[PDB]
Amino acid sequence: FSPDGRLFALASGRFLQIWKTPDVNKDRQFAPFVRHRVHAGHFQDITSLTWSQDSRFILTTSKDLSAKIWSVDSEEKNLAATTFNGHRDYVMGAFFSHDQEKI
Amino acid sequence: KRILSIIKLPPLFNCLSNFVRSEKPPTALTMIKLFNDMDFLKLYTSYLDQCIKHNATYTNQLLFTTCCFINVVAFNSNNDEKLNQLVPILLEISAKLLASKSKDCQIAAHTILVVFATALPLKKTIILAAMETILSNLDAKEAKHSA
Amino acid sequence: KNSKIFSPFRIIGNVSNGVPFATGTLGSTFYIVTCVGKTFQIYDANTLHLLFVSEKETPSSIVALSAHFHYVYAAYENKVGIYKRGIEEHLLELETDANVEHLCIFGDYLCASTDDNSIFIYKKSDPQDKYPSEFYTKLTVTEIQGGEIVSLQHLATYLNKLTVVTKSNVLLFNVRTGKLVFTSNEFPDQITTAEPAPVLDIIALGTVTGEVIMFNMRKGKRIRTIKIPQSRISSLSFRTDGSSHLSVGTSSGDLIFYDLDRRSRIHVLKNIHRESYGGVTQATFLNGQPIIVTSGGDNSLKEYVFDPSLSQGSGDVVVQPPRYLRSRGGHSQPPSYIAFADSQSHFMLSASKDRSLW
Amino acid sequence: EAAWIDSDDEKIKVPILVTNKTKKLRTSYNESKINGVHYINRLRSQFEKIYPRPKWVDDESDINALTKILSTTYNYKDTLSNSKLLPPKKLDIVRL
Amino acid sequence: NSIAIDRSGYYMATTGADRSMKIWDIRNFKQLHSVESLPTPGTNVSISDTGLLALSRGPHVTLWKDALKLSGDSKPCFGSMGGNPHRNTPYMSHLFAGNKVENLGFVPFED
Amino acid sequence: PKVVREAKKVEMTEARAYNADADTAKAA
RNA sequence: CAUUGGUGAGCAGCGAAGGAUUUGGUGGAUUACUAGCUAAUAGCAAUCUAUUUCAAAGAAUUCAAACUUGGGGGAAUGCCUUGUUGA
Numbered sequence: 104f105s106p107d108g109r110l111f112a113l114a115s116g117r118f119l120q121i122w123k124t125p126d127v128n129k130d131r132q133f134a135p136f137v138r139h140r141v142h143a144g145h146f147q148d149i150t151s152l153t154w155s156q157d158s159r160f161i162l163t164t165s166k167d168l169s170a171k172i173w174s175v176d177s178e179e180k181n182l183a184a185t186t187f188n189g190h191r192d193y194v195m196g197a198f199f200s201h202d203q204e205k206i
Numbered sequence: 149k150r151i152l153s154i155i156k157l158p159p160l161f162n163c164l165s166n167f168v169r170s171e172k173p174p175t176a177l178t179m180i181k182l183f184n185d186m187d188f189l190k191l192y193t194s195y196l197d198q199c200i201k202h203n204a205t206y207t208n209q210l211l212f213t214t215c216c217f218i219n220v221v222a223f224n225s226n227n228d229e230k231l232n233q234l235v236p237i238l239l240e241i242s243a244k245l246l247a248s249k250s251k252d253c254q255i256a257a258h259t260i261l262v263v264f265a266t267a268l269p270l271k272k273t274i275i276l277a278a279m280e281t282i283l284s285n286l287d288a289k290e291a292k293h294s295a
Numbered sequence: 019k020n021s022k023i024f025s026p027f028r029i030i031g032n033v034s035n036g037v038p039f040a041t042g043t044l045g046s047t048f049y050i051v052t053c054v055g056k057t058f059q060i061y062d063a064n065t066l067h068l069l070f071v072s073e074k075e076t077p078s079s080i081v082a083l084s085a086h087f088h089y090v091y092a093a094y095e096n097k098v099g100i101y102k103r104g105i106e107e108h109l110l111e112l113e114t115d116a117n118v119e120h121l122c123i124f125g126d127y128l129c130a131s132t133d134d135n136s137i138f139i140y141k142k143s144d145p146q147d148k149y150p151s152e153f154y155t156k157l158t159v160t161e162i163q164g165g166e167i168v169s170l171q172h173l174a175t176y177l178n179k180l181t182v183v184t185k186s187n188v189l190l191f192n193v194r195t196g197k198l199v200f201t202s203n204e205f206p207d208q209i210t211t212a213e214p215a216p217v218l219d220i221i222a223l224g225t226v227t228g229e230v231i232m233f234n235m236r237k238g239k240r241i242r243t244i245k246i247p248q249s250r251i252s253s254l255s256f257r258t259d260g261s262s263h264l265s266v267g268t269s270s271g272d273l274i275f276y277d278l279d280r281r282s283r284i285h286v287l288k289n290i291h292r293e294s295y296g297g298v299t300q301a302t303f304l305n306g307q308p309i310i311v312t313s314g315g316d317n318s319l320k321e322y323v324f325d326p327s328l329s330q331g332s333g334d335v336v337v338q339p340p341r342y343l344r345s346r347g348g349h350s351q352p353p354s355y356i357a358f359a360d361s362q363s364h365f366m367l368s369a370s371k372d373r374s375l376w
Numbered sequence: 122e123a124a125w126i127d128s129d130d131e132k133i134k135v136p137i138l139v140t141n142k143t144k145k146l147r148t149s150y151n152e153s154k155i156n157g158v159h160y161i162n163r164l165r166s167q168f169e170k171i172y173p174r175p176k177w178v179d180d181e182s183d205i206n207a208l209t210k211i212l213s214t215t216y217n218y219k220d221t222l223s224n225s226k227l228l229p230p231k232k233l234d235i236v237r238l
Numbered sequence: 278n279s280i281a282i283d284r285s286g287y288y289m290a291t292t293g294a295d296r297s298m299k300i301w302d303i304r305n306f307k308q309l310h311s312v313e314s315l316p317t318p319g320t321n322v323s324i325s326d327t328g329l330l331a332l333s334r335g336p337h338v339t340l341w342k343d344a345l346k347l348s349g350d351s352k353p354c355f356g357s358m359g360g361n362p363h364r365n366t367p368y369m370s371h372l373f374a375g376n377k378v379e380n381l382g383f384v385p386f387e388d
Numbered sequence: 410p411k412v413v414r415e416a417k418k419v420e421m422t423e424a425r426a427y428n429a430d431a432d433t434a435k436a437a
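Chains as they are written, first to last, in the UniProt record's numbering: chain A, 104 to 206; chain B, 149 to 295; chain C, 19 to 376; chain D, 122 to 183, 205 to 238; chain E, 278 to 388; chain F, 410 to 437.
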């Protein structure tokens, strides 16, 4: 889940898919989850997620030897479009610092 | 017998599969069981349509074709749903045999029409249009006798 | 009255109600969106699985629904709703009080015919967006030009034109200039259905007496006529996989198949749906495919497939009859009794007045 | 040849290279905008090569008495009450 | 990710997981071509008996003709920017839309 | 033996379709 | 006299324009229903190509890697490790 609770994302295969959380106060519907997006930039399976402190970027790690950063909304797509290469093996984690300057 | 020994048998000709590489000929009841199918009947009527179109219908073929057709009608004479599946095939081939010039193929169609009308009671308008198609190309004398 | 214990969830067991469904094609797969009262339901045509159910019940019954690639356009009482994945994306209020009852979508245009013989054209704002959203113009079919609008279609390669099928006439509008380009001659009996052929500039018209006309919309003539005596024609579909067959659908529940090339009648599926519930209400070939999806008002949606021909040299003349493939269905009459089959709330037994236990 | 001309397509002018589907119906690599009647003919040939032209449309438009009566009828026997005497070999007998 | 050798023993195409196809001289150990930034890492390469180069990147198979040559005009491109004749565009391509290809192999004496 | 009316396992194929979004043009 | 053994010839009874047995094929379920493709914040689905190229980022003395061997005995020639001679 996001820190602000309203979205969740998951690493299904090699797609990072973000859905948005149904309310607890609402009644049960036939389809309560409404899809936000599904991003595909990794080539092999994604091993980890990490949300930023503000629920604004998400940083995913893959078996493919990279890690990627994705903005949640489309307007900040230029702030988060980089990929992080250089590891010899599976990237097991990718985290922000407290101020979201170091990764 | 020779073409059955060397043939690779199509799936519509399935009942001849116990007479391939055999010393005895297929029998007439095997020929009626071959003709009794509906897809085989559509296939053979298309073959006759090409025969009638290119004007190659010869009297031994017309005799064999008419014999197997009236035996199909005789075999299906006790189930009306098979007769009703069978009517727009053999009446269509009767129309296409009446729409040619051969006296032999015209009286072949006369034989098919007379056996089929005595096998089931057809409609009045079908019988009238059948006699119109009979008279609309009547040119011979043996054809006039049969007509 | 709103409740405080129980809140409505779904109405299960419903597949169709005899609104003519729409087919849509994502990529190379097909979906089938059928109306069930006030919701629609999207089905996966390769296996008839329920993909989507529309999210909210409309305030009245859905009466005309179409489907382009990702979007489903459902017309109920006054307005047209544009839906993606069930969740409604847009709502087009018409400026009338007349009930919208037909629609077509081509280009940047959505065209919705009401029942006072007016047609409302809606336009995209910029040709890159997803659905037509802004009001453009209004067209009117007055009593001089034609009767009640019985269908509304766009046959292909016709640059921003619209074939309007009235009960007696066929009009052709230019929907950018708002003009009436061509009005055909009259037809001696009331035409009920229309379907555009995959032949260029040919539409197929189905009358209330038994005949299918093959109108050539550029010559203004009719190409051919097919007569099915004492049968009201409720569906028309064309086969598009190198076999020129037509499938007509008759309101006594029959699906008749014609070869147009050699002018014969391939086969008749009799009692494919109940006449009392409407007969075969929509039958359509999934294009490029030998499978045809029918649906009737008896809460049933079937698929029929053509097997390849049994003669290895002729083929085109020995056409194997259509056989049955998957189908979904429910009760055709309202259920009379209800029980739960197990403690897990997974299955429930349900008996109806049409004498079936589902 | 044609029963109508609309006089709007001739003065319309379309782009071509904006979407990938219409990007294929150019005859040069310098064409970018074409006339409307040209564009209609390009996608008419494109429609004809998606769905190929069958023979039933251009083959024919609308002693054949038997063929016509068979192509109109669907039942081929006497209907209900124009019989007046029994058919042999198959009864019609319900149990009360 | 993959290695293929010509049957003349002269050229070697290697695909890495860094989205890089590389054509190598074998006899003199020069690096002939370095096609970097493939859209997705090339999972296979193969070289036919007549010197075609079949690269496969998951769903896609892409073949280049005359790519195993010395000149820089034989560097395998993916498009010809404005119709350049000196750019080796693909000889043919195919998309296996459902799946991801496991391996490639040319049939020896057939096309 | 009679002819064998057995059904094949049917899989759908990849078909091309004309979409009518190119059938609408704007004026300058 | 028993068969609670095989093969038949028949009754009573059941009994709506027929009944029984066997078998091939296909379709639907056999887990709890959010749609196809791709280079994926979008495109396509009639097509990716005549923008698909540049730039940036990206290289551990880990310049370490059989945690993978049936038992006993050995290992000329190999192979491994260590030293050594000559360059």
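Backbone N, C-alpha and C define an ideal beta-carbon position, used for all residues, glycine too.
Excluding the 5 residues flanking it on each side, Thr158 of chain C has same chain C-beta neighbours closer than 8 Å at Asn135, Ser136 and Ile137, in chain order. The alpha-carbon of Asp167 of chain A is positioned some 17 Å away from that of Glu313 of chain E.
With respect to the C-alpha of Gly238 of chain C, the residue from C:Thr211, C:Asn203, C:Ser253 and C:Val266 having the closest C-alpha is C:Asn203. When the beta-carbon positions are compared, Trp122 of chain A and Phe133 of chain A stay at least 9 Å from each other.
Comparing C-alpha distances from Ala92 of chain C to each of C:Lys185, C:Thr65, C:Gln59 and C:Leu278 shows the shortest one belongs to C:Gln59. Residue-level contact by beta carbon fails for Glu75 of chain C and chain A, as no gap is shorter than 9 Å. For the region 134–154 of chain D, the beta-carbon criterion of a distance under 7 Å to any beta-carbon of chain F is satisfied by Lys134, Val135, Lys142 and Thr143.
In this structure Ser84 of chain C touches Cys122 of chain C by the C-beta definition: roughly 7 Å separates them, less than 8 Å. By the rule that beta-carbons nearer than 9 Å mark a contact, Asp192 of chain A does not touch chain E.
As the crow flies, the alpha-carbon of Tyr276 of chain C is around 5 Å from that of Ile284 of chain C. The contact set of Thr317 of chain E on chain A, defined by CB atoms closer than 7 Å, consists of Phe146 in chain order. Taking 9 Å as the CB threshold, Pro269 of chain B stays off the interface with chain C. Setting aside the 5 residues that flank it on each side, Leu113 of chain A is surrounded in the same chain by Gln120, each with a C-beta closer than 7 Å to its C-beta; the list follows chain order.
Under the 9 Å criterion on CB atoms, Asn64 of chain C is classed as interfacial with respect to chain F.
Boundaries of the alpha helix (DSSP H) around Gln209 of chain B: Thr207 to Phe223. Beta-bridge annotation (DSSP): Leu276 of chain B is not paired with any residue. If only complete runs of 3 or more residues are kept, the region 189–251 of chain C shows the beta strand (DSSP E) at 197–201, 209–214, 220–225, 229–234 and 240–245, in order along the chain.
Bounds of any alpha helix (DSSP H) do not take in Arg296 of chain E, whose DSSP letter is neither H nor E. With a 10 Å radius around the Cβ and a threshold of 16 neighbouring Cβ atoms, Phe386 of chain E comes out exposed. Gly267 of chain C is positioned such that its CB atom lies closer than 9 Å to that of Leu254 of chain C.
According to the DSSP assignment, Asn321 of chain E belongs to the beta strand (DSSP E) that extends over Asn321 to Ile324.
At a Cβ-Cβ threshold of 9 Å, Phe198 of chain A and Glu179 of chain A do not count as neighbours. Closest in alpha carbon position to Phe87 of chain C, among C:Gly42, C:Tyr101, C:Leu110 and C:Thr227, is C:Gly42. In the three-state reduction of the DSSP assignment, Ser105 of chain A falls in the coil class.
Judged by DSSP in its simplified three-state form, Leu231 of chain B adopts helix. If you draw a straight line from the Cα of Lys142 of chain C to the Cα of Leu110 of chain C, it comes to about 12 Å. Proximity of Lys226 of chain D to chain B, defined by a Cβ-Cβ separation below 9 Å, is not satisfied. Taking 9 Å as the CB threshold, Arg344 of chain C stays off the interface with chain B. Within 8 Å of the CB of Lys417 of chain F, the CB atoms of chain C belong to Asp325 and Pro326, in sequence order along the chain. Contact check for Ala429 of chain F and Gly125 of chain C: beta-carbon distance about 6 Å, within the 8 Å limit, so the pair qualifies. Contact annotation for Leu278 of chain C against chain D: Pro175 and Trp177 [CB-CB distance below 8 Å, chain order]. At a cut-off of 3 residues, the continuous stretches assigned as beta strand (DSSP E) that sit fully inside the region 71–117 of chain C are 82–85, 89–93, 97–102 and 105–111. Taking 7 Å as the cut-off between beta carbons, the residues of the region 283–303 of chain E near chain A are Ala294, in sequence order. Secondary-structure assignment with DSSP links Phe48 of chain C through a beta bridge to C:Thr43. Burial is judged here by how many other beta carbons sit within 10 angstroms of a residue's own beta carbon; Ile155 of chain B has fewer than 16 and is exposed.
One thing to note: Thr52 of chain C has its Cβ no nearer than 9 Å to the Cβ of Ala63 of chain C.
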